[PDB]
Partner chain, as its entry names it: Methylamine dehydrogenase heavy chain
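Just the one chain here, the form solved without the partner chain, laid out as structure tokens.
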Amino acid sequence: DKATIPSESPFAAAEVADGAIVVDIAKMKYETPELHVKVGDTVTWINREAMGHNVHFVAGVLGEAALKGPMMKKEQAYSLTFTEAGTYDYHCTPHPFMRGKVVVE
């Protein structure tokens, strides 16, 4: 696996770590569609709108299986810690026109 999951559950936006690397989700878009981080960094997505959203990496991207994140409700968050350099594309499961990528360097 090229990512670990701190919390399998979404969690509250106020519970996001001090200094987190945050991608906001609003207006049916990931607000940072191309994020560059370093090996070992944790990225946190935070849903800022009513509509449920997740992040979904298909099989072979972050590991053998697809990494289909849990649906985040409004003001919920979800983190992934990236452990290997590469380019990792993702989309939103119910709204697959929403696309982003994490580039881990």
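Numbering follows the first chain given and starts at 1.
As for the form solved in complex with the partner chain, it is not shown, yet the points below apply to it.
- prompt: Quick one: is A65 in contact with the partner chain in the bound PDB entry, heavy atoms, 4.5 Å cut-off?
  reply: Taking the distances in the bound PDB entry, the answer for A65 is no, it never comes within 4.5 Å of the partner chain.
message: Taking the partner chain as it sits in the bound PDB entry, is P94 in contact with it (heavy atom to heavy atom, 4.5 Å or less)?
response: Looking in the bound PDB entry, residue contacts with the partner chain include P94, since a heavy atom lies within 4.5 Å.
field: Contact label in the bound PDB entry: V58 to the partner chain, heavy atom within 4.5 Å
entry: Yes.
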